[PDB]
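Take a look at this single chain, the form deposited in one PDB entry, given in structure tokens.
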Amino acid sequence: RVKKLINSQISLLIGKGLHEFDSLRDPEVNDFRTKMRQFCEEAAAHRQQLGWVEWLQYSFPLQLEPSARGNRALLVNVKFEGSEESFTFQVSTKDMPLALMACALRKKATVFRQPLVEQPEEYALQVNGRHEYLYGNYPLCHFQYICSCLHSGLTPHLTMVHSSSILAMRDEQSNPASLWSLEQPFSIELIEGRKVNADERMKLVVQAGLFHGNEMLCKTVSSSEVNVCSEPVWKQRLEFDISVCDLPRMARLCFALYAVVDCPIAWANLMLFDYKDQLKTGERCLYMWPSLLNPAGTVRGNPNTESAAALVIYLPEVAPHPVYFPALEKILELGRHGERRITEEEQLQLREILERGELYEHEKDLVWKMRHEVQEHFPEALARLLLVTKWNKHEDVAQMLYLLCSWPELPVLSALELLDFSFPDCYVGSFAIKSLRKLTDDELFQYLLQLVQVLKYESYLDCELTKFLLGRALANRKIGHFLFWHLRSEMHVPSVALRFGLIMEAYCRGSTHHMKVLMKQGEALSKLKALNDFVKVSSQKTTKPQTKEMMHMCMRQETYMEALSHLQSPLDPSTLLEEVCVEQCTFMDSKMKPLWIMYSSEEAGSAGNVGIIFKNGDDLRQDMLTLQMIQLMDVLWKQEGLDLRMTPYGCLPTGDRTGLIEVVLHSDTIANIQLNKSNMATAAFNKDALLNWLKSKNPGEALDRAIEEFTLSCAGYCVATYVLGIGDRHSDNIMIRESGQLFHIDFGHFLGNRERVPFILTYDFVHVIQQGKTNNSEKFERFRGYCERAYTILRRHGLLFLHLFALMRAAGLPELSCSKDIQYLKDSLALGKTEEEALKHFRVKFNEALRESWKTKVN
């Protein structure tokens, strides 16, 4: 009764009926579902018995300041859960939550004239009207919430929540109750093709290659030219220059059907061994993807069989019995035997190339020969060694694996490199995952987007990365929340819909309660899509105030009021979207008419006043990636004591060309501010407009802080947009907060898009930095130091950006497709240079931007 209901809820939530999984009659799919359902149910059972503080860590993970990861007076308002009464008292930013709780309990004991049985140790502090809590031994300023309150001048509002109330939360959210002997050359039979569409004047060719990730295992082989028709017949043997015994475990056979007089038509790939390590034999009908060879492409066929071109091949029965890939112990027994001492002049050449990339043929022979010295004295150079390993020789792969199986754990930075498609071996991926287990939940969340993209490179459904991601998502509700949405937003992509659908179902088995919370979000998103469609049509016939009044009426319907109210925000599960403020809702006049949905919450006070933007028609993945990169910059800067007052607002794709963007309230575009309308708080010179607007928002002594906020954030965005190559910057996509913080929006073009984006300096912004003065080198040169400091901090982490962007090539974003896009980051970060050379080059670029800025000052 309940299992049937849950299955129907999973189907609606993931956007694909579970019956469709069953209908594939696919053993691999069935074994994934069984194994992962069991793995996720164990996680759920472990969670239901967690202690009350451990359950707060699961459900409300701490939001700490980046500097606090791994003195001053403060007013705080504290209430108790079943109370309207509140106590405002002064604490120190260095006090711990326990002291604040003990203080609140003394105030409650004297007001209620009774000495209390409850100890401060029995409570946690909830941020009012948010799924956010303050707990643990950390000073108040170490929490992101208190730190945020400190800068914005607002008073923290906290609610004392008792352990029994937290346990009541935990309880109501419960789940219900031998190859190496086969020396023959590898070969296949190209039988025939189906549903082929091509120019009848041309001829058809099938090119085939053997790959181990990016590297070709042997030379490619082509079929003979056969006349173009819908059902081509070849019925010919294709033989490769590699012995069957040497095919590595992760070998893939890649096809490309094209037309010749070049006209690409289709591609299809497959793993030579199955998920149970057995070499494949018999016929295979390969349903091809429309387009020369595509090795990174998926190894599962095109699901649109009704119209996909197919390629029938035959994998020969190389043995009278099934052949399985050797078990690890047999590989290790073979690799155990090898040879290790060569010249100090050869040793010195190894230290130069390992601390240097690309290298010559003789240097590969030197790195391979000294592989034991690589393991012992340069363990972090494992990736260079794996690249020199000849993956087409089964005995060199066995020696690489013997060293790998005793390789010391590498740092997270090194592991993120190893997840790249250039390291397709399963043991290498397993080693990379083992070195990633030490990632904190905060580091994991920072890199989650890249780890999800790595799933598209996985050759098999059940893998160490999926289990690692599912285990982390079930142990942290915020990780779980975003893993769900990163997968859900790609269900319209046929190449990932099965893998992603299966991960989402398995996660759902682990948290029935969270599945229901996510349904409530999908219901709101469903209604927002209908509302945006209504707005796009109505905006073409009537005026903006009429379409807005019609939008409000459609929102005031009972179905909309229920669907859109009392939900956790997809942008941030800590943010509660309570009462939709229909009157404050609106839409932008851009082509897709994005909706601006406003919310309030009595419980949360001013912090419950939040906005979300529903956007349908544009792809939001590039915006999300850019905004995550700016947030990563902000974390790296704050880790060095540098706060550039950045505004990395939320952006989350949720569906096909659909997603949400977090509203930053009290913000306006530079264009609106520069409109210089009359009867407002009105410049003599348009250059005075931003500064006058800052003055009206920050009177008296507050102007100085607003100018400083502007300066810091301007330096941060100047460096961020330059490093990332964000172009097409104009007054309509640069915003300013009433606090003075400048920020950028609308990141549809990055990494040059394809020119080399120069460093930018705007006169109107220089004018604010210079406090409205023509000459103010004191304030201007403080700003130049903020820029150089920010830039030099990012260069020190250049490899982190490079590794993350390399993992993102799997996303298929058009402006991040090849090594040419990664080159842009190398050039902007000047990674081939020393710090002095790169600082000299940054100074030349900043000075160039100043002379260009002066072409406006001169006018």
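Just count from 1 along the sequence shown to find any residue number. Each form is matched to the other, and the largest set of C-alpha atoms that superpose within 1.5 Å is called the rigid core.
Trainee: Across the other PDB entries of this protein that model residues on both sides of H321, is it left without coordinates in at least a third of them?
Mentor: yes, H321 frequently unmodelled elsewhere, at least a third of entries.
Trainee: Across the other PDB entries of this protein that were compared, is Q57 absent from at least a third?
Mentor: In all of the other entries, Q57 has coordinates.
Trainee: Are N753 and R754 truly consecutive in the deposited sequence, or are residues between them missing coordinates? Give the number as none, 1 to 3, 4 to 9, or 10 or more.
Mentor: Some 4 to 9 residues are missing between them.
Trainee: How big is the unmodelled gap, if any, between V261 and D262 relative to the deposited sequence? Choose none, 1 to 3, 4 to 9, or 10 or more.
Mentor: Missing residues, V261 to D262: 10 or more.
Trainee: Select between 789 to 797 and 830 to 838 the stretch whose C-alpha atoms have the higher average B-factor in the entry.
Mentor: Looking at the record's C-alpha B-factors, the answer is 830 to 838.
Trainee: Can you tell me which stretch has the higher mean Cα B-factor, 847 to 855 or 15 to 23?
Mentor: That would be 847 to 855.
Trainee: Comparing recorded Cα B-factors across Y324, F614, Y145, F783, which one is largest?
Mentor: Of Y324, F614, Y145, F783, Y324 has the highest C-alpha B-factor.
Trainee: Hey, out of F468, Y360, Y599, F484, whose CA B-factor is highest in the deposited coordinates?
Mentor: Highest CA B-factor of the listed options: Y360.
Trainee: Please place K820 in the lowest, middle or highest third of its chain according to the CA B-factor in the PDB entry.
Mentor: Ranked within chain, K820 CA B lands in the highest tercile.
Trainee: Going by the entry, which third of its chain does the Cα temperature factor of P570 land in?
Mentor: Its C-alpha B-factor belongs to the lowest third of this chain's values.
Trainee: Considering only modelled residues of the same chain, in which third does the CA B-factor of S435 rank: lowest, middle or highest?
Mentor: Its C-alpha B-factor belongs to the middle third of this chain's values.
Trainee: Would you mind checking where the Cα B-factor of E603 ranks among the modelled residues of its chain, as the lowest, middle or highest third?
Mentor: Ranked within chain, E603 CA B lands in the middle tercile.
Trainee: With respect to C-alpha B-factor, does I313 fall in the lowest, middle or highest third of the chain as deposited?
Mentor: For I313, whose C-alpha B-factor we compare with every modelled residue in the chain, the answer is the highest third.
Heads up, the form deposited in another entry isn't pictured, but that's what we're talking about next.
Trainee: Just one of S152, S526, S696, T559 has a C-alpha that shifts by 2 Å or more between this form and the one not shown on a rigid core fit; which is it?
Mentor: After core superposition, the single residue displaced by 2 Å or more is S152.
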